[PDB]
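Below, each chain spelled out in residue letters.
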Amino acid sequence: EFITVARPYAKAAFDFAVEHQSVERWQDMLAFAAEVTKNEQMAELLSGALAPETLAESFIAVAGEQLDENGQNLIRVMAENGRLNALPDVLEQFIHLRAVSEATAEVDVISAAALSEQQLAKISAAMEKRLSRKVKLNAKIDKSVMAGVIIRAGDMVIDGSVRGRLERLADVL
Amino acid sequence: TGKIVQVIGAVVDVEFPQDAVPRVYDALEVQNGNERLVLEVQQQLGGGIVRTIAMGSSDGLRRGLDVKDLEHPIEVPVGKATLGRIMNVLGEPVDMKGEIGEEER
Amino acid sequence: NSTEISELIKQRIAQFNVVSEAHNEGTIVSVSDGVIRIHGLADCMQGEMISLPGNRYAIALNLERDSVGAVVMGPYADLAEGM
């Protein structure tokens, strides 16, 4: 796992994308590269002991939909260091960095069944007061909750599920 | 043919095309300033990189110098011709007399 | 976009004529002091003998990921990358 190696590259890509007003294009460029990193044949090439320069060129070729600034430079710098397998994480960090500057939070909600869209809009407006961000809810229908909802806002979590209260009671005894 | 990419004291790293990487005891040559320095390759790393030991003073070496691939190991004069004389590690004469008259190396 | 980009990638990779190693084969990528590193050789077994060019053999001792580490049973200074 290489969160720690991806942090510098994600920060550099993002801090460059705001100097050139193209965060939105960079995100999809990195998403394309992150997908090419997963192919079964390309993953065989990335493991072999090719020279960084020719291995970078063998990676540029499969992605022509890239800027001069973005692919032909970032991919080469990551190849010199042998970091290309880190691309799937350089993407996520990038997304995260963006959500920080844009003052956004990807709050996740979990429930036994769909919410009434009055409950859900109240949740949105209430979390935006709990936090200091524009929230973007996405729901999940997990049956083991049975009733109530779990609200996860990163590392913070609020558990209102009947199963959580049941198994808390089981330890009150 | 190849280029220096590192210099750590006595050891030097040289990059070659992967179709021309030297063997593991061949000699290489570098123009160190105005002198001529011989490297003996000790290891073949991946990517076409090769680790060598410098048969001479390593100071003055830039990274990025061009190096010449001699395709034979270090070879020294031998036989009757080498009797009353002092020689370098590279088989070069080190007394102030003329060249060695060997027929075989 | 996911399926079309994924199959575009398969198309383009195949179009650039890359071919994967065959199981039971590999290529030397490093040589030093009697130990060689082999890329590929997915079906190697720990302690198995592998045959080098000539009539030389090596013993596969390290079955790591991305490499096999083997020891040459003889004069090794003739081996080189890509064999």
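Its PDB header attributes the entry to cryo-EM and lists the resolution as 3.1 Å.

Draft legend 1. View of the overall build of chain B. Helix and strand counts for chain B stand at 0 helices and 6 strands. When its helices and strands are written in sequence order, chain B yields β-β-β-β-β-β. Its C-alpha atoms give chain B principal-axis dimensions of about 45 × 25 × 20 Å. By residue count, 39% of the 105 residues in chain B fall in the buried class.

Draft legend 2. Broad picture of the overall build of chain A. Each helix and strand in chain A was counted, giving 8 helices and 6 strands. In sequence order, chain A lays out its α and β elements as α-α-α-α-α-α-β-β-α-β-β-β-β-α. Against the 2.2 N^0.38 benchmark of 16 Å for 173 residues, chain A shows a C-alpha radius of gyration of 21 Å, more extended than a compact globule. Based on the C-alpha atoms only, the size of chain A along its principal axes is roughly 65 × 35 × 25 Å. Considering only intrachain contacts with a sequence separation of at least 6, the fraction spanning at least 24 residues in chain A is 66%.

Draft legend 3. Structural detail: the pairing of strand 2 (residues 35-40) of chain C. All names here are of chain C. Bridge count for strand 1 (residues 26-32) against strand 2 is 6 bridges, and the pairing is antiparallel. Following the sheet pairing, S30 is matched in strand 2 by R37. The turn joining strand 1 and strand 2, which pair antiparallel and follow one another in sequence, is formed by 2 residues; a positive phi near 55 degrees is taken by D33. When strand 2 meets strand 5 (residues 68-72), the two strands line up antiparallel, connected through 4 bridges. Each residue of the ladder has a partner; that of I38, found in strand 5, is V68.

Draft legend 4. Seen up close, the packing of aromatic side chains. Residues and elements named next belong to chain A. In the structure shown here, the tally under the stated rule is 2 aromatic pairs over all chains. Measuring from ring centre to ring centre gives 5.5 Å for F14 and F94, while their planes differ by 80 degrees; the resulting arrangement is edge-to-face. Residue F14 is located in helix 1 (residues 3-17), and its partner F94 is located in helix 6 (residues 87-101); the two are separated by 80 residues in the primary sequence. Residues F14 and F94 agree in their burial class; the two are buried.

Draft legend 5. Looking closely at a nonpolar patch on the surface. Residues and elements named next belong to chain A. A grouping of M146, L166, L169, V172 and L173 is seen on the molecular surface, where their side chains present a nonpolar patch of about 580 Å² in accessible area. If you trace the backbone, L173 turns up in the segment after helix 8 (162-172). According to the relative accessible area criterion, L173 is exposed, its value standing at 83%.

Draft legend 6. Geometry of the nonpolar core. Grouped together as the largest cluster of nonpolar side chains are 35 residues, with contacts concentrated most on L30, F59, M78, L84, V90 and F94 of chain A. At the level of secondary structure, the elements contributing two or more residues to this core comprise helix 1, helix 2 (23-36), helix 3 (42-47), helix 4 (52-60), helix 5 (71-80) and helix 6 of chain A together with helix 1 (2-15) of chain C. Among residues more than four places away in sequence, those in contact with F59 of chain A are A33, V36, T37, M42, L46, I75, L84 and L87 of chain A.

Draft legend 7. Region of the structure containing the interface of chain A and chain C. Listed by partner, the interface residues are 14 residues for chain A and 14 residues for chain C. The tally of links between chain A and chain C comes to 1 salt bridge. Here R12 of chain C makes a salt bridge to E65 of chain A, at a shortest N to O gap of 3.0 Å. Joining chain A to chain C, the criterion identifies 2 residue pairs in polar contact. Mapped onto the side of chain A that touches chain C, the elements with two or more residues apiece are helix 2 and helix 3 of chain A. No other element matches helix 3 of chain A, which puts 3 residues into the side of chain A that touches chain C. Grouping the constituent residues of the side of chain A that touches chain C by class yields 7 nonpolar, 5 polar and 2 charged.

Draft legend 8. Fine view of the pairing of strand 5 (residues 49-54) of chain B. Residues and elements named next belong to chain B. Two elements, strand 2 (residues 11-15) and strand 5, share 5 bridges in a ladder whose sense is antiparallel. Note on strand 5: the bridge partner recorded for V12 is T52. Both strand 4 (residues 35-44) and strand 5 contribute to a ladder of 5 bridges, which runs antiparallel. Residue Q44 lies in a different strand from strand 5, and its bridge partner there is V50. Joining the antiparallel neighbours strand 4 and strand 5 is a turn of 4 residues, in which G47 adopts a positive phi near 70 degrees.

Draft legend 9. Up close: the layout of surface pockets. Counted as a void, the largest pocket has a volume near 440 Å³. Every residue lining the largest pocket is counted, 21 residues in all, and those nearest its centre are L46, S47, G48, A49 and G82 of chain A. Mapped by element, the contributors of at least two residues to the lining of the largest pocket are helix 3, helix 4 and helix 5 of chain A. Broken down by class, the residue content of the lining of the largest pocket amounts to 11 nonpolar, 7 polar and 3 charged. Estimates place the volume of the second largest pocket at around 360 Å³. Every residue lining the second largest pocket is counted, 17 residues in all, and those nearest its centre are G48, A49 and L50 of chain A together with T27 and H39 of chain C. Looking at which element gives the most residues to the lining of the second largest pocket, the answer is strand 1 of chain C, with 3 residues. Across the lining of the second largest pocket, the residue classes break down as 7 nonpolar, 7 polar and 3 charged.

What counts and how
- Residues numbered from 1 in each chain as written, not as in the entry; some residues may be left out.
- Chains lettered and ligands numbered in written order.
- Part of a larger assembly, values for the part shown.
- Heavy atoms only, no water.
- Residues with missing side-chain atoms left out of burial classes, pairs and counts.
- Helix = DSSP H or I, 4+ residues; strand = E, 2+ residues; numbered from the N terminus.
- Buried < 20%, exposed > 50% of the residue type's maximum accessible area, 1.4 Å probe, protein only.
- Rg over C-alpha atoms; globule rule 2.2 N^0.38 Å.
- Contact = heavy atoms within 4.5 Å.
- Pairing = 2+ DSSP bridges.
- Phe/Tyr/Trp six-rings, centres within 6.5 Å; stacked < 30°, edge-to-face > 60°.
- Patch = residues over 30% accessible without salt bridge, like charges linked within 9 Å, V, L, I, M, F, W, Y side chains within 5 Å.
- Areas by Shrake-Rupley, 256 points an atom, 1.4 Å probe, with all protein chains shown as cover.
- Salt bridge = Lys/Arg side-chain N within 4 Å of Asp/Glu carboxyl O.
- Core = buried A, V, L, I, M, F, W, Y, C linked by side-chain atoms within 4.5 Å.
- Polar contact = N/O pair within 3.5 Å; in protein donor to acceptor, adjacent residues only side chain to side chain.
- Nonpolar A, V, L, I, M, F, W, Y, C, P; charged D, E, K, R; others polar.
- 1 Å grid on protein atoms, 1.4 Å probe; cavity = no way out; pocket = protein on both sides within 12 Å on 5 of 7 lines; lining within 4 Å.
- Points joined across faces, edges and corners; volume = space filled by probe spheres on them.

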